[PDB]
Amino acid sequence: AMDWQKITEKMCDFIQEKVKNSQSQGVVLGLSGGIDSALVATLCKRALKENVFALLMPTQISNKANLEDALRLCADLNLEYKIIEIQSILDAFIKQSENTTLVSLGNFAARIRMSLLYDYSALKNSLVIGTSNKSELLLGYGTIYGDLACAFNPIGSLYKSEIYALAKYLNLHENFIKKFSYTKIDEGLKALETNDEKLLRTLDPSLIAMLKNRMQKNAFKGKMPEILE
């Protein structure tokens, strides 16, 4: 357990600092209906008031709780937004692809969202604020140039488990929390990162072997392209 009031203020400062030190007037984020997203949208409204904009980009719109939740948020925060259903763009890429896996579909969709976010950011003279947490950053869940693309990110050093607790501190709607203590994954991640050789022996070796396996093979995502000299 830690100091959320102080953490929150630190984050708002940081957000304000990026916008003041920039030629931009505000930020835009993608808002999917997940806890990270909603957290970042909350902080942004606290920090920037009217200068916030969200794109909601599901691939299909029918009856997904995610959209319900996303929209209930936008209305609640008085956040300006636009729903853009991306199946069409996605179909057009798929027709040019020679591979038809789901993984391939997810990667496209992630980069379609980044392209739209960036297009709107030029429109609105704004920065793109990232929403990846430290767990997903260490494990390389994201797509490079996908949801990993942004100008900055206030929550990139908080583990998933910390996100939950922070969200609870800020009274985010319960649907975010539904769908403090660290999970086993987060604790192993944290132990490895802080070389807590002490907790490490406590933990399950098979788990650690996989946590190590992931971060190793996906480290290139946190790095710039290597230019030869």
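The first residue of the shown sequence is 1; numbering continues from there.
Counting the unmodelled positions of the deposited sequence between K179 and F180 gives a long gap of 10 or more residues. As recorded in the PDB entry, 132 to 140 is the stretch of 132 to 140 and 113 to 121 with the greater mean C-alpha temperature factor. Two stretches are in play, 181 to 189 and 26 to 34, and the higher mean C-alpha B-factor belongs to 181 to 189. Per the PDB record, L200 has a higher Cα B-factor than any other of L67, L43, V52, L200. In the PDB entry, a CA B factor belonging to the middle third of its chain's modelled residues is recorded for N175. When the CA B factors of the chain's modelled residues are split into thirds, the value for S161 lands in the middle one.
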